[PDB]
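Asks: Sharing query-v2.txt below, compact mmCIF, C-alpha atoms:
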```txt
# COMPACT_ATOMS: atom_id res chain seq x y z
CA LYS A 2 14.39 9.02 11.64
CA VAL A 3 13.06 11.59 9.16
CA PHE A 4 9.59 10.12 8.63
CA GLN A 5 7.16 8.25 10.87
CA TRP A 6 7.18 5.35 8.41
CA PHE A 7 9.59 4.21 5.70
CA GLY A 8 9.58 0.75 4.24
CA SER A 9 8.75 -1.54 1.36
CA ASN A 10 5.95 -3.56 -0.18
CA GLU A 11 6.41 -7.31 0.23
CA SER A 12 4.77 -8.74 -2.89
CA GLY A 13 3.95 -12.34 -3.70
CA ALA A 14 0.63 -13.46 -2.24
CA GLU A 15 -1.24 -11.57 -4.97
CA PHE A 16 0.71 -13.07 -7.89
CA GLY A 17 -1.06 -15.07 -10.60
CA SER A 18 -4.31 -13.15 -10.22
CA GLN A 19 -5.83 -15.10 -13.11
CA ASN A 20 -5.49 -18.32 -11.12
CA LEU A 21 -8.12 -18.58 -8.39
CA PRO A 22 -7.90 -20.03 -5.85
CA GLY A 23 -4.49 -20.90 -7.26
CA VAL A 24 -1.79 -23.02 -5.66
CA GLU A 25 0.72 -21.73 -3.13
CA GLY A 26 4.29 -22.27 -4.26
CA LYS A 27 3.28 -22.28 -7.92
CA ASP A 28 0.87 -19.40 -8.57
CA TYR A 29 1.73 -17.28 -5.54
CA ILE A 30 4.10 -17.16 -2.57
CA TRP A 31 4.34 -15.38 0.77
CA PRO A 32 7.16 -12.98 1.80
CA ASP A 33 10.34 -14.40 3.32
CA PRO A 34 10.70 -13.41 7.00
CA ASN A 35 14.47 -13.82 6.67
CA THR A 36 14.84 -11.08 4.06
CA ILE A 37 12.26 -8.90 5.81
CA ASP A 38 14.55 -9.06 8.83
CA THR A 39 17.41 -7.78 6.67
CA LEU A 40 15.38 -4.75 5.61
CA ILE A 41 14.46 -4.07 9.24
CA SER A 42 18.14 -4.10 10.20
CA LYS A 43 18.58 -1.43 7.52
CA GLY A 44 16.09 0.83 9.28
CA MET A 45 12.78 0.17 7.54
CA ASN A 46 9.82 0.03 9.91
CA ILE A 47 6.79 -0.65 7.72
CA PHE A 48 5.92 -3.38 5.24
CA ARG A 49 2.86 -3.52 2.99
CA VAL A 50 1.60 -7.03 2.27
CA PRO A 51 -0.64 -7.43 -0.80
CA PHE A 52 -3.02 -10.39 -0.92
CA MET A 53 -6.09 -11.27 -2.98
CA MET A 54 -9.57 -10.91 -1.50
CA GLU A 55 -10.74 -13.99 -3.40
CA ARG A 56 -8.02 -16.16 -1.88
CA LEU A 57 -8.71 -14.99 1.67
CA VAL A 58 -12.52 -15.08 1.47
CA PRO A 59 -13.57 -17.29 -1.49
CA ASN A 60 -16.79 -17.04 -3.52
CA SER A 61 -18.56 -14.44 -1.37
CA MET A 62 -16.88 -11.61 0.51
CA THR A 63 -19.38 -12.12 3.34
CA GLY A 64 -18.30 -15.73 3.75
CA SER A 65 -15.76 -17.50 5.95
CA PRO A 66 -12.01 -17.07 5.37
CA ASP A 67 -9.89 -19.82 3.88
CA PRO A 68 -7.98 -21.19 6.91
CA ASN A 69 -4.81 -22.00 4.95
CA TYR A 70 -4.38 -18.67 3.17
CA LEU A 71 -5.40 -16.86 6.36
CA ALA A 72 -2.78 -18.83 8.29
CA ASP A 73 0.03 -17.56 6.05
CA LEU A 74 -1.26 -13.98 6.17
CA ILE A 75 -1.20 -14.16 9.96
CA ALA A 76 2.25 -15.75 9.99
CA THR A 77 3.59 -13.00 7.72
CA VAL A 78 2.02 -10.20 9.76
CA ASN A 79 3.37 -11.54 13.06
CA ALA A 80 6.85 -12.03 11.63
CA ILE A 81 6.78 -8.31 10.93
CA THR A 82 5.13 -6.97 14.08
CA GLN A 83 7.12 -9.17 16.46
CA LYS A 84 10.13 -7.18 15.26
CA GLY A 85 8.38 -3.94 16.14
CA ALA A 86 7.63 -2.91 12.56
CA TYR A 87 4.20 -2.06 11.14
CA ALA A 88 2.42 -4.46 8.80
CA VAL A 89 -0.07 -3.12 6.25
CA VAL A 90 -2.74 -5.64 5.25
CA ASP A 91 -3.57 -4.83 1.63
CA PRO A 92 -6.45 -6.44 -0.31
CA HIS A 93 -4.77 -5.78 -3.68
CA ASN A 94 -8.05 -5.76 -5.61
CA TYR A 95 -8.58 -2.45 -7.42
CA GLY A 96 -12.10 -2.18 -6.00
CA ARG A 97 -13.09 -5.38 -7.77
CA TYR A 98 -14.01 -8.89 -6.61
CA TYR A 99 -13.77 -11.68 -9.21
CA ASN A 100 -13.19 -8.81 -11.65
CA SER A 101 -16.53 -7.13 -10.98
CA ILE A 102 -16.78 -3.74 -9.29
CA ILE A 103 -17.63 -4.02 -5.59
CA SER A 104 -21.01 -2.28 -5.63
CA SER A 105 -22.29 -3.28 -2.20
CA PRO A 106 -20.83 -1.26 0.68
CA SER A 107 -22.67 -3.51 3.14
CA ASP A 108 -20.95 -6.65 1.82
CA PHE A 109 -17.60 -4.84 1.81
CA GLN A 110 -18.12 -3.77 5.42
CA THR A 111 -18.77 -7.40 6.39
CA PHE A 112 -15.59 -8.46 4.61
CA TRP A 113 -13.68 -5.89 6.62
CA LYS A 114 -15.21 -6.88 9.95
CA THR A 115 -14.05 -10.42 9.17
CA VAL A 116 -10.49 -9.33 8.39
CA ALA A 117 -10.20 -6.85 11.25
CA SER A 118 -11.35 -9.47 13.76
CA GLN A 119 -8.20 -11.47 13.03
CA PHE A 120 -5.91 -8.60 14.05
CA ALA A 121 -8.04 -6.59 16.49
CA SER A 122 -5.53 -6.75 19.35
CA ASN A 123 -2.39 -6.03 17.31
CA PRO A 124 -1.59 -2.25 17.41
CA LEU A 125 1.10 -2.58 14.75
CA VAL A 126 -1.28 -3.76 12.04
CA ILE A 127 -2.49 -1.16 9.54
CA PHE A 128 -5.56 -1.77 7.38
CA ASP A 129 -5.52 -0.66 3.72
CA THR A 130 -9.12 -0.51 2.41
CA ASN A 131 -8.23 -1.62 -1.13
CA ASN A 132 -5.43 -1.15 -3.63
CA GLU A 133 -5.94 1.48 -6.33
CA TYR A 134 -9.66 1.97 -6.98
CA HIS A 135 -10.17 3.08 -10.59
CA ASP A 136 -12.75 3.64 -13.33
CA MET A 137 -15.69 3.60 -10.96
CA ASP A 138 -18.17 6.09 -9.51
CA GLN A 139 -16.55 8.62 -7.15
CA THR A 140 -19.35 8.45 -4.60
CA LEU A 141 -19.04 4.65 -4.57
CA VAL A 142 -15.32 4.95 -3.81
CA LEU A 143 -16.12 7.23 -0.87
CA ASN A 144 -18.80 4.84 0.39
CA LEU A 145 -16.54 1.80 0.08
CA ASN A 146 -13.80 3.46 2.12
CA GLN A 147 -16.31 4.49 4.79
CA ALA A 148 -17.79 0.98 4.86
CA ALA A 149 -14.29 -0.42 5.46
CA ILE A 150 -13.70 1.99 8.33
CA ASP A 151 -17.08 1.12 9.88
CA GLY A 152 -16.40 -2.59 9.55
CA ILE A 153 -12.92 -2.37 11.06
CA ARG A 154 -14.02 -0.33 14.07
CA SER A 155 -17.10 -2.51 14.62
CA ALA A 156 -14.76 -5.45 15.16
CA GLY A 157 -13.10 -3.74 18.11
CA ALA A 158 -9.97 -2.90 16.12
CA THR A 159 -9.84 0.67 17.42
CA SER A 160 -6.12 1.34 17.91
CA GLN A 161 -5.01 0.65 14.34
CA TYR A 162 -4.35 3.19 11.62
CA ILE A 163 -6.43 2.86 8.46
CA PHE A 164 -4.94 3.70 5.07
CA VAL A 165 -7.66 4.86 2.69
CA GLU A 166 -7.14 4.92 -1.06
CA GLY A 167 -8.77 7.03 -3.72
CA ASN A 168 -9.94 6.74 -7.30
CA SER A 169 -7.66 7.18 -10.34
CA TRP A 170 -5.34 4.45 -9.02
CA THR A 171 -4.97 6.63 -5.91
CA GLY A 172 -2.31 8.61 -7.76
CA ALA A 173 -0.89 11.67 -6.04
CA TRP A 174 -0.57 13.66 -9.26
CA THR A 175 -4.31 13.39 -9.97
CA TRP A 176 -5.59 13.49 -6.40
CA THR A 177 -6.87 17.05 -6.10
CA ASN A 178 -9.35 17.17 -8.98
CA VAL A 179 -10.56 13.59 -8.60
CA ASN A 180 -10.55 12.71 -4.91
CA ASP A 181 -11.55 15.94 -3.18
CA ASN A 182 -14.64 14.28 -1.70
CA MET A 183 -12.42 11.87 0.27
CA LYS A 184 -11.95 14.59 2.88
CA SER A 185 -15.44 13.69 4.14
CA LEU A 186 -14.40 10.28 5.50
CA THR A 187 -14.88 9.90 9.24
CA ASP A 188 -13.26 7.62 11.80
CA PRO A 189 -14.22 7.57 15.49
CA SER A 190 -10.60 6.69 16.31
CA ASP A 191 -9.34 9.58 14.17
CA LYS A 192 -6.57 7.50 12.60
CA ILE A 193 -7.17 7.86 8.87
CA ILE A 194 -4.09 8.26 6.66
CA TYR A 195 -4.59 9.06 2.98
CA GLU A 196 -2.55 6.65 0.91
CA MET A 197 -1.41 7.83 -2.50
CA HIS A 198 0.81 6.14 -5.06
CA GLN A 199 3.29 7.87 -7.30
CA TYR A 200 5.44 6.56 -10.09
CA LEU A 201 7.90 8.60 -12.10
CA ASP A 202 7.64 7.32 -15.66
CA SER A 203 5.83 8.88 -18.63
CA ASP A 204 2.28 7.76 -17.81
CA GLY A 205 2.79 7.24 -14.08
CA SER A 206 2.08 3.52 -14.46
CA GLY A 207 5.41 2.46 -12.99
CA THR A 208 6.18 0.06 -15.84
CA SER A 209 9.30 1.77 -17.20
CA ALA A 210 12.70 2.18 -15.52
CA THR A 211 13.01 5.61 -17.16
CA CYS A 212 11.91 8.75 -15.29
CA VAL A 213 10.54 11.85 -17.01
CA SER A 214 13.02 14.21 -15.37
CA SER A 215 15.18 14.78 -12.30
CA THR A 216 12.37 16.79 -10.68
CA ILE A 217 9.28 14.81 -11.70
CA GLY A 218 8.66 13.32 -8.25
CA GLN A 219 8.41 16.67 -6.49
CA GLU A 220 6.31 18.07 -9.33
CA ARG A 221 3.79 15.25 -9.15
CA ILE A 222 3.13 15.41 -5.40
CA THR A 223 3.09 19.18 -4.89
CA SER A 224 -0.66 19.67 -5.40
CA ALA A 225 -1.47 16.70 -3.16
CA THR A 226 0.77 18.11 -0.42
CA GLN A 227 -1.17 21.36 -0.46
CA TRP A 228 -4.52 19.50 -0.44
CA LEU A 229 -3.51 17.55 2.67
CA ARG A 230 -2.39 20.70 4.47
CA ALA A 231 -5.42 22.79 3.51
CA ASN A 232 -7.76 20.07 4.76
CA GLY A 233 -5.79 19.17 7.87
CA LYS A 234 -5.16 15.60 6.72
CA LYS A 235 -2.15 13.30 6.77
CA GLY A 236 -0.92 11.11 3.94
CA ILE A 237 1.59 8.47 2.97
CA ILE A 238 3.09 7.37 -0.34
CA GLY A 239 2.11 3.70 -0.32
CA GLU A 240 3.93 2.90 -3.56
CA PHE A 241 6.72 4.62 -5.45
CA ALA A 242 9.67 3.45 -7.51
CA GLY A 243 12.20 4.53 -10.09
CA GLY A 244 14.82 2.79 -12.20
CA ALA A 245 18.44 2.41 -11.15
CA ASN A 246 19.76 5.34 -13.18
CA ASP A 247 20.92 8.91 -12.56
CA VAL A 248 17.75 10.79 -13.51
CA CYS A 249 15.47 8.56 -11.43
CA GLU A 250 17.81 8.56 -8.46
CA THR A 251 17.87 12.35 -8.52
CA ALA A 252 14.08 12.43 -8.87
CA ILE A 253 13.67 10.06 -5.91
CA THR A 254 16.02 12.09 -3.72
CA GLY A 255 14.25 15.29 -4.73
CA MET A 256 10.82 13.85 -3.95
CA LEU A 257 11.85 12.50 -0.56
CA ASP A 258 13.70 15.72 0.31
CA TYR A 259 10.57 17.68 -0.55
CA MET A 260 8.46 15.36 1.61
CA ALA A 261 10.98 15.75 4.45
CA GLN A 262 10.25 19.48 4.49
CA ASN A 263 6.53 18.76 4.72
CA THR A 264 6.31 16.15 7.48
CA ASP A 265 3.33 17.99 8.94
CA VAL A 266 1.35 16.17 6.25
CA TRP A 267 3.59 13.35 4.95
CA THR A 268 4.00 10.40 7.30
CA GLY A 269 6.43 8.54 5.06
CA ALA A 270 6.87 6.39 1.96
CA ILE A 271 6.80 2.72 0.95
CA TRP A 272 8.84 1.37 -1.95
CA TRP A 273 7.47 -0.98 -4.60
CA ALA A 274 8.62 -3.60 -4.14
CA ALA A 275 10.43 -6.42 -2.34
CA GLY A 276 9.36 -10.07 -2.45
CA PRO A 277 10.83 -13.55 -3.23
CA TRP A 278 9.63 -13.91 -6.83
CA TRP A 279 10.78 -10.70 -8.50
CA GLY A 280 14.01 -12.00 -10.00
CA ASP A 281 15.61 -9.34 -12.20
CA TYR A 282 12.67 -6.97 -11.75
CA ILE A 283 13.68 -3.35 -12.40
CA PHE A 284 12.34 -2.24 -9.00
CA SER A 285 13.27 -5.22 -6.82
CA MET A 286 14.18 -4.26 -3.25
CA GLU A 287 14.58 -7.92 -2.25
CA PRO A 288 17.86 -8.72 -0.44
CA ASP A 289 20.48 -9.40 -1.40
CA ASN A 290 20.43 -9.28 -5.21
CA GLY A 291 17.52 -6.97 -6.01
CA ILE A 292 18.75 -4.13 -8.22
CA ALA A 293 16.95 -1.53 -6.12
CA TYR A 294 18.34 -3.15 -2.97
CA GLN A 295 21.87 -2.82 -4.31
CA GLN A 296 21.66 0.55 -6.08
CA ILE A 297 18.71 2.47 -4.62
CA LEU A 298 18.83 1.53 -0.94
CA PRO A 299 22.20 3.33 -0.61
CA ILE A 300 20.56 6.65 -1.53
CA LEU A 301 17.63 6.04 0.83
CA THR A 302 19.82 5.52 3.90
CA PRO A 303 19.79 9.24 4.82
CA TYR A 304 16.08 8.90 5.59
CA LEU A 305 16.46 5.78 7.73
```
I'd like the structure from this file rewritten - as structure tokens, please.
Replies:
Amino acid sequence: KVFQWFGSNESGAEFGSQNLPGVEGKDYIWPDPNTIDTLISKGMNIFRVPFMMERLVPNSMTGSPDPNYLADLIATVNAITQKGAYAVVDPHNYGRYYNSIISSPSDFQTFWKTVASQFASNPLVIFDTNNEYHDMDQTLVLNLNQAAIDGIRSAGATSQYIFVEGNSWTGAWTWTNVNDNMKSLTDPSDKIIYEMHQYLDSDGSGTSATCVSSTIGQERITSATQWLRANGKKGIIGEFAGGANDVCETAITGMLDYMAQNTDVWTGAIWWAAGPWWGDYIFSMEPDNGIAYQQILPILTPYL
């Protein structure tokens, strides 16, 4: 309706990061297609699916994928795209593999050719280079994103959008002085979308249900909005959340209303997060008992 994309993260496959490979059903779990369907009936048209690089391609990122984990990733993606919604494949790794910084763009490109080959003919799949790069060289971050793009396109996956992420946990509030060099990324398909994340608590970590103020969302994405416009780029808020309270609800509405007046650069937003194992999580958007699903979704309807 208002935005090109509006949806939620579907977390679970990246749980229990300390347990590798880990056991499905105990350490991690895949999203429930039944509840995803409920969110789609509500108007959401995009779902981000985090997964661990080490579980998909064990030991070496240039190796063969694990058939079982890959099977569930494919099943989850199709469940989403068969409904006409977009599925974002997200290696939720923070620019690290087995907790070591990914320092080889060539190996990363190979990893991406491998992943892209599995979804090359699906136009509704969106590739996310990596979740929240941080505390690493800025030129390396640029090179890793470019390597991902090169790998994806080399696989023949030319119709899909690619979400690139920056340094400093790809935060919107710190984008301009840290990630300026990201404007140099190139894509022969010209379908790069700059993905930023923005939380509303004190340190922007998204660990507290309390929001700084009723206007903090708008404040924190203003500079990024101007950067996107000045450089002729498009962006998306890949993660955002706020507690189920007055101040946060006002901040969320204010942020989304601001974005709605700047759709020339903002393509939409994705909530963090839905998923089957959140329980009483302060930001759970999982039907039908998630607190965000019951109290926040109602205020998001005007954008759906």
Asks: If I take CA of residue 255 in chain A and CA of residue 282 in chain A, how far is one from the other in Å, to one decimal?
Replies: 23.4 Å
Asks: List as number ranges by chain the protein and nucleic acid residues near residue 4 in chain A, meaning an atom at most 12 Å away when all atoms listed in the file are counted, but skip any in the same chain fewer than 2 places from it.
Replies: A: 2, 6-8, 44-47, 236-238, 257-271, 301, 303-305
Asks: Skipping near chain neighbours, those fewer than 3 positions away, what residues fall within 8 Å of range 33-40 of chain A using only C-alpha atoms, listed as a PyMOL selection string?
Replies: chain A and resi 43-45+77+80-81+276-277+287-288
Asks: Counting all atoms listed in the file, which of A:272, A:99, A:48, A:128 gets nearest to residue 284 in chain A?
Replies: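 Answer, going by the shortest atom-to-atom distance: A:272.
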Asks: Just how far from CA of residue 76 in chain A is CA of residue 32 in chain A, in Å to one decimal?
Replies: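 Computing the Euclidean distance for CA of residue 32 in chain A and CA of residue 76 in chain A yields 9.9 Å.
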Asks: If we count all atoms listed in the file and set the cut-off at 10 Å, which residues sit around residue 229 in chain A, ignoring sequence neighbours fewer than 2 positions away in its own chain? Please answer as number ranges by chain.
Replies: A: 177, 184, 195, 224-227, 231-236, 265-267
